[PDB]
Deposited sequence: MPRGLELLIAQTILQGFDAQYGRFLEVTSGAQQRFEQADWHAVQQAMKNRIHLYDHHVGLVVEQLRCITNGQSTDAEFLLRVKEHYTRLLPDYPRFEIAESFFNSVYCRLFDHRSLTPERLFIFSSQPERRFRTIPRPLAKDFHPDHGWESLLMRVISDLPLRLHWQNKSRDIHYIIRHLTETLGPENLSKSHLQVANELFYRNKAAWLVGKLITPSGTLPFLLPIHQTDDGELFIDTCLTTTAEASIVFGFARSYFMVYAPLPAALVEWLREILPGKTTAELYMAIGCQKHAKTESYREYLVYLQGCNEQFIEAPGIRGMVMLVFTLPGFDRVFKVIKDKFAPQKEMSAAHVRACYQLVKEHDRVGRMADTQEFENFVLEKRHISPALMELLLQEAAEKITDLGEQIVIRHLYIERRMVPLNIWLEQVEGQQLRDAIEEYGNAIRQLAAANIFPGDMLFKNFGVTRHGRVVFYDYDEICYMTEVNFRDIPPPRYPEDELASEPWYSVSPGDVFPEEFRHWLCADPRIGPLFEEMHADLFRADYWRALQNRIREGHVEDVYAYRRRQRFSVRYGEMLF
């Protein structure tokens, strides 16, 4: 009885589908760049985020249409795992074929049925070598006439059909970066072209005799006509930023990413197997993966989960492990009578950033409906607030305690902690990146709401990234004047909380003489509604060719 193969054939055409439109979507971004539609560029991720669930939220449904006889026991919930697996030996996109299965089970079963043979949480039996690259995935450009002519190839064999602005002036520029340290090093520009936002990214590795290093060649336009490749990145420091966790991922038309995640593995050395599925847009395998990498850490170190650094939230419950890169954000119950019927506003702000353009000042997350936590890895201190600030939200499960719809984002260093830790030349850029963080947030349609110091984070290189997502609304959702009543915003009212430190508030003037002032916030909301939103540069406004 093909009862549990009709299924496995069904949940695996869900994927084959989910990925079906994935790459048509991804493959509209070349034209949509010639074409002038950036309403379209900002709304396409928003279609990419949806397909995966758009395709499980049918196989999930059409499953139940005949899932009545022996509908469930794990007896046969397992022949689905076998039947499904046995069907993926030259399935090169198998890692994500498996990954589609997971979120389904977990949807039919409250993200909650048993582990490890009750799901694909690890890759099965390929597994390890990703040399799943039948085609080259990039071409090998070697210097014969070198660096005035060969790099002419790149710009000429681009499928991009538009009068360039000065290729020949770009050629003179590019060598200026190259001479920092040539021609005994080949070139390997990649295919296809990496797209995000108002930009196009020419990706490549400049292999040099000393060593091999990244080589990024981003393409731009004079909005809305004439285009100029701009700025020449080749640095590990730069590769990591562009590809950062505070900026939205990529439109790379990749029907094999597990291999592509292998090519860039040497463009972005520090990056994780799950940071590399994020970028290409396969964020739903980052999640199986992050967790895959996560559950290695604590199942291999010392000691337990603690409460995160900084200030305790009015809403969220935040924990982490002192060695680990990531934070877990659990929501409180408020009290016993208060009933979690849902919409949630909070889950809406966390989602309504799941699709938004973050631009470097906002960081992404993961969602699990029921996460099983080690009762033995739990401090007894973390537990006490955890137990009774989220009681309705969890359940003791014998040796384990179960928690529902938890959020995970890159651990950071709370700003207000660090603001204290620094002063001097350092203290300069901790305010600048702050206001800049609040200038760019605004332009993205993001007005921070509670804009206090500790709701943002920082990086090793030193940068601010917001992470407080209830007091968030669209810029067209607030009205701006404090002259002398719900939701309205008073821009100078902000002069109280933020200039409070008489070491840092003075220095606010030095860089942000107008964020205090109301006029300037109609400016940004108002210029968002003319159809215009300035997109982001993946570098310092100081590197640009323009200055």
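- Query: Where are the holes in the model when you compare it to the deposited sequence?
  - Reply: Gaps vs deposited seq, in order: 1-2, 184-188, 492-508, 572-578.
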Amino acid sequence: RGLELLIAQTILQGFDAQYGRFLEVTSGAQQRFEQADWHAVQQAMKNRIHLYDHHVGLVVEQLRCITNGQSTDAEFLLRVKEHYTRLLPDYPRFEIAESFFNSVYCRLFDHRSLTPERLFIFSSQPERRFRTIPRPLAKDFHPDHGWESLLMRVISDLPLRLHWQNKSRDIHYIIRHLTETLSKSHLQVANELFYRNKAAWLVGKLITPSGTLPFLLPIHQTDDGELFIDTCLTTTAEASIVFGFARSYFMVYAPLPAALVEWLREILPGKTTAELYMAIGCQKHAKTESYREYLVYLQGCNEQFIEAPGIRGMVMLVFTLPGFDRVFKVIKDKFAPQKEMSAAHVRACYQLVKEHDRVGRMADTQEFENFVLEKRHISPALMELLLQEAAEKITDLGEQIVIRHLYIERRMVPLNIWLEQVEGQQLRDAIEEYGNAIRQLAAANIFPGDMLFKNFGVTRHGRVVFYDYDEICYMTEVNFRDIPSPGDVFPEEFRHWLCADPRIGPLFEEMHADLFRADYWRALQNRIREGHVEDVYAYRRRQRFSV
From here on, numbers count along this sequence of modelled residues.
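- Query: For the stretches 369-377 and 76-84, which has the higher mean C-alpha B-factor as given in the deposited record?
  - Reply: Per the deposited B-factors, the answer is 369-377.
- Selected stretch [higher average CA B-factor]: 231-239 or 88-96: For C-alpha atoms only, the mean B-factor is higher in 231-239.
- Message: I'd like to know which of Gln388, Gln400, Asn197, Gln304 has the highest C-alpha temperature factor in the PDB entry.
- Response: Reading the PDB entry, the winner on C-alpha B-factor is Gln388.
- Message: Comparing recorded Cα B-factors across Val489, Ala500, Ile49, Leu58, which one is largest?
- Response: Across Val489, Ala500, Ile49, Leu58, the entry lists the biggest C-alpha B-factor for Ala500.
- Is the Cα B-factor recorded for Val478 in the lowest, middle or highest third of its chain? It falls in the middle third of the chain.
- Message: Please say which third, lowest, middle or highest, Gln283 falls into when its CA temperature factor is compared across its chain.
- Response: Within its chain, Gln283 is a lowest-third residue by C-alpha B-factor, going by the deposited values.
- Query: Taking the C-alpha B-factors as the PDB entry records them, is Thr26 in the lowest, middle or highest third of its chain?
  - Reply: Its C-alpha B-factor, which the entry lists for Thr26, ranks in the lowest third among residues of this chain.
- Record-listed C-alpha B factor of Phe453: chain third: Its C-alpha B-factor, which the entry lists for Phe453, ranks in the lowest third among residues of this chain.
- Record-listed C-alpha B factor of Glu180: chain third: CA B-factor rank for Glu180: highest third.
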